[PDB]
Amino acid sequence: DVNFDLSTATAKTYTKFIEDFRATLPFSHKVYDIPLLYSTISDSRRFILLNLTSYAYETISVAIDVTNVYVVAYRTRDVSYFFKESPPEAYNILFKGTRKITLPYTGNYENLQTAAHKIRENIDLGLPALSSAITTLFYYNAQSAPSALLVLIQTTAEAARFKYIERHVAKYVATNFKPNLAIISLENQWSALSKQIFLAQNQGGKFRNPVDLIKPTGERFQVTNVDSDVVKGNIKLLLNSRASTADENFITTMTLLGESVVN
Numbered sequence: 001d002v003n004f005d006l007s008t009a010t011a012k013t014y015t016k017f018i019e020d021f022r023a024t025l026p027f028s029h030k031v032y033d034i035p036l037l038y039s040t041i042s043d044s045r046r047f048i049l050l051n052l053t054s055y056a057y058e059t060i061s062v063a064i065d066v067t068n069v070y071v072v073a074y075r076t077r078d079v080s081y082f083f084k085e086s087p088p089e090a091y092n093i094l095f096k097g098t099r100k101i102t103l104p105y106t107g108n109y110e111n112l113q114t115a116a117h118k119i120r121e122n123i124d125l126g127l128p129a130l131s132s133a134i135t136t137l138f139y140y141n142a143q144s145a146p147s148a149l150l151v152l153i154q155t156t157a158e159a160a161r162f163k164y165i166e167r168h169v170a171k172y173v174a175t176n177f178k179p180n181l182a183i184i185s186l187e188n189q190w191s192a193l194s195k196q197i198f199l200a201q202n203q204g205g206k207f208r209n210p211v212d213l214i215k216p217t218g219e220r221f222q223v224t225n226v227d228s229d230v231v232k233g234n235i236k237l238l239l240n241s242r243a244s245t246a247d248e249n250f251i252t253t254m255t256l257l258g259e260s261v262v263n
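Residues in the sequence shown are numbered from 1 upward in steps of one, following the deposited numbering.
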């Protein structure tokens, strides 16, 4: 579990939150000396909660998946709501007693994109913007609600995914500024680059499949090796998305404590 107070949010504090955040969830292995999540972790530990405090000294709880680190749902006051097609398993571990409401929307950006009729490029961002997120959820506004939590995903879930996103979000501690196409392409590419990062181990620093993303400047560039700025101290925890071997459903599901056969 991790806690972040917006009322006392600060650039240095934002850094501590992301470092503690990557340390909060387990680690399947170490890639380039950095944390990472296997295909799936323990369900009891898969769901972690974040205690966030609005600049109004109000406190809410956010539940996210340890692997991709995306908010499945969140709890406000005594009511917690989640999307569909995946988050419902939340009924099992997340909220236990508080009210429960799942919006007809699925835990997908396209579903929220249609309801909000907006794009991340047109959504405001910045520490203070987070106040709008925590603040809006307390005043759950059908239209903003979707855009409110989305800001939280970009400021909390995405911030932990990359230190680069954390830097741009941490730079704003009072004003509000809309994101940039750099995070958009970078967000989708991160997944392809992250799995390739594990591959970078046997490529000496090259990717078998080159990666095309967008530099924070606002232009599109091609990255094919660790020499790129993204692989530098910009990548902390990575998504292993490793489970193809899980096809045999044995190296997994057959872990059978039998290992350590002795006794």
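In this text, a Cβ means the ideal position worked out from N, Cα and C, and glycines have one as well.
In the same chain as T155, and ignoring 5 residues on each side of it, the C-beta atoms closer than 6 Å to its own belong to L130, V169, in chain order. Judged by beta-carbon spacing, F250 lies beyond the 7 Å limit of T224, meaning their Cβ atoms are not closer than that value. Under the Cβ criterion (8 Å, minimum of three pairs), the stretch 34 to 52 counts as touching the stretch 240 to 250.
DSSP, read as helix, strand or coil, puts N240 in coil.
Close CB contacts of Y70 within its chain, under the 8 Å cut and outside five residues either way in sequence, are with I64, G107, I153, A157 (chain order). The continuous beta strand (DSSP E) containing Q222 extends over residues 219 to 225. Annotation for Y74: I60, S61, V62, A63, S80, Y81, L137, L149, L152 place their beta carbon closer than 8 Å to its own, counting only its chain and skipping 5 residues before and after.
Comparing alpha carbon positions, the residue from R161, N202, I123, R77 closest to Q143 is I123.
Annotated as distal: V31 and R46, with beta-carbon spacing of 7 Å or more. Under a 10 Å Cβ-count criterion, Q201 is classified as exposed, with fewer than 16 other Cβ atoms of the shown protein chains found around its own Cβ. Note on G218: under 16 other CB atoms within 10 angstroms of its CB, so exposed under the neighbour-count rule. Secondary structure note for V169: its alpha helix (DSSP H) is the uninterrupted segment 163 to 171. Per the C-alpha coordinates, the member of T76, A159, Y109, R99 positioned closest to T15 is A159. With contacts defined as CB atoms closer than 7 Å, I48 and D1 qualify as a contacting pair. In summary, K163 is buried, with 16 or more beta-carbon neighbours lying within 10 Å of its beta-carbon over all protein chains present. For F27, there is no enclosing alpha helix (DSSP H), as DSSP gives it neither H nor E. Residue state for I60 is assigned as strand, using DSSP reduced to three classes.
Between the alpha carbons of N263 and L257 lies a gap of roughly 10 Å.
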